[PDB]
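What follows is a short report on a single structure.
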There are 2 protein chains.
Amino acid sequence: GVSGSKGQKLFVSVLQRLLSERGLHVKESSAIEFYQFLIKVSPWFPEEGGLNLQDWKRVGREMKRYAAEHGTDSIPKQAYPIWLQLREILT
Amino acid sequence: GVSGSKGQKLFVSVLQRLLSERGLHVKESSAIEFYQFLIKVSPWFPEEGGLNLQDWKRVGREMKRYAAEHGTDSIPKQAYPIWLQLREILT
Ligand SMILES: *C(=O)CCCCCCCCCCCCC
Ligand SMILES: *C(=O)CCCCCCCCCCCCC
């Protein structure tokens, strides 16, 4: 269950592994910010979610919902690009 | 939330991705049994650990100590095979 920085090291390490295999590298600081954004919008994801296209699509919808409510500038510039690359991996 | 299976779906999904790309397939129930064993012996791992050799070697030591103390029949048969394969994936 998420709470602050809990799970952050492991998430970042898995994310970096997945993206790097497609030739895309993310700074650790950017990957941390992405994690913090994800658990803010979709806290159910570590707890109840799977790394599968269905649940990842739900995360995407929830990220877009957040932008609709708080504005585009409110979300990390790397969030949609990282989300999209993981979506492609899951296809 | 007081679900007893927090994180289990995410774990099973990531484990099955990593193992399948090496040609190895684990029954869902077996992957769940492994997760429950992992968080029993090494509750710090999802919280603070990463998918790296130092952390995974530590989980390895802790699993072995559990076996020394409780006997090898108290441990899932698939636990050491799974741990070993993940050690190699990190190498
Ligand atoms: C709170 O939500 C608990 C979160 C537990 C997440 C399960 C851990 C996810 C691990 C996936 C990677 C496993 C690699 C060995
Ligand atoms: C998971 O199901 C979250 C449940 C959290 C329950 C909190 C209940 C707290 C009751 C005691 C409150 C005392 C302080 C006012």
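Each chain gets a letter, A, B and so on, in the order the sequences are listed, and its residues count up from 1. All values below were derived from every heavy atom in this structure, side-chain atoms included, with hydrogens, water molecules and symmetry-related copies excluded. Remember, it's 1-based here, ligands and their atoms both numbered in the order they're listed.
- No donor-acceptor pair closer than 3.5 Å links the side chain of B:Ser30 to the backbone N or O of B:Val26.
- Within a 4.0 Å radius of atom 6 (C) of ligand 2, the protein has no heavy atom.
- Using a 4.0 Å cut-off between heavy atoms, B:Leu51 contacts ligand 1 through its side chain alone, with no backbone atom that close.
- Close approach to B:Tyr35 involves these atoms of ligand 1, each under 4.0 Å from a residue heavy atom: 5 (C), 7 (C).
- Across the listed options B:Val14, B:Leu38, A:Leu10, A:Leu10 owns the non-hydrogen atom lying nearest to atom 10 (C) of ligand 1.
- A salt bridge is defined here as a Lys NZ or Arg NE, NH1 or NH2 lying under 4.0 Å from an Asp or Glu carboxylate O, and B:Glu21 with B:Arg17 fails to meet this definition.
- The closest approach between any non-hydrogen atom of A:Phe11 and ligand 1 is not below 4.0 Å.
- When hydrogens are left out, the protein atom nearest atom 2 (O) of ligand 2 is B:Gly1 N, 2.4 Å; that is the closest non-hydrogen contact.
- A distance-only check finds no donor-acceptor pair linking the side chain of B:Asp55 to the backbone of B:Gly49 [under 3.5 Å].
- Per-atom contact check: atom 12 (C) of ligand 2 does not touch the protein, criterion being a heavy-atom distance below 4.0 Å.
- The distance from ligand 1 to the heavy atoms of A:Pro46 drops below 4.0 Å at these ligand atoms: 2 (O), 4 (C), 6 (C).
- Both tests hold for B:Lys64 against B:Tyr80: distance to the six-membered ring centre under 6.0 Å, angle to the ring axis within 45°.
- Put simply, part of A:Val2 is less than 4.0 Å from ligand 1, judged by heavy atoms.
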For B:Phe34 and B:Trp83, run ring pair (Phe, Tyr, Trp, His ring centres under 6.0 Å): C-alpha distance rounded to whole Å, both residues' side-chain angles, the deciding distance at 0.1 Å, then the answer. CA-CA 9 Å; B:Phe34 182 82; B:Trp83 178 89; 9.6 Å; no
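- In this structure, CH2 in B:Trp56 is found 9.5 Å from CD1 in B:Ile89, a value given to the nearest 0.5 Å.
- With B:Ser42 contributing its side chain and B:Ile39 its backbone, the two residues share no donor-acceptor pair below 3.5 Å.
- For the pair B:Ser3 (side chain) and B:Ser5 (backbone), a donor-acceptor distance under 3.5 Å is present.
- Of all atoms in ligand 1, numbered sequentially from 1 with element shown, those under 4.0 Å from a heavy atom of A:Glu47 are 2 (O).
- In terms of protein heavy atoms, atom 8 (C) of ligand 1 is closest to B:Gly7 O, 4.2 Å.
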